[PDB]
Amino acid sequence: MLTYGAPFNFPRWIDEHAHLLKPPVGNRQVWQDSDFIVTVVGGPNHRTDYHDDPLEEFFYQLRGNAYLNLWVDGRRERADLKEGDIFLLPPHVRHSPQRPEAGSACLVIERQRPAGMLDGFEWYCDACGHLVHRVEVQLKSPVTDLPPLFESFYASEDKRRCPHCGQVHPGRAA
């Protein structure tokens, strides 16, 4: 009844999955079907989407450095994840992880969302900072649910169009 198997060496697991912790995959979930969602996120990767997680998110930047673009108290801000840092993000704080370094690795821990508790993915205008587009999602399989979501934003000049100042958001890369 050890449903998720025996203990195992983490650094070797990370080493062994180096090829997955780089584009295009980027990340790898450690156990499947668990309530705790346990993921290692490599790099490099940059993104323009901001995440609205209705639950907490735990980070431990095991290797290399990264940072989180955030919206804290109405202002754009940056939290660094230097190698060795840990950090706990409160529910709903908008965050956009940037991971510039190859070979970096970050332990990220989350919980499954109950039915009816949704995640938000959002984009903001570089020009005036207004919200450009939000999609909410019952997030069961990030790996497969999120790329079509992001993909549809990039493809729609409409979705990318700031309702405040008309600036068309750049889409994929800032």
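Numbering starts at 1 and runs along the sequence shown.
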_Quick check: 56-64 versus 141-149, which has the larger average CA B-factor in the record?_
141-149
*Could you settle it for me: does 126-134 or 39-47 have the higher average Cα B factor in the PDB entry?*
126-134
*Assigned third (lowest, middle, highest) for the C-alpha B factor of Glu83*: lowest
*For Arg99, the third of its chain into which the C-alpha B factor falls*: lowest
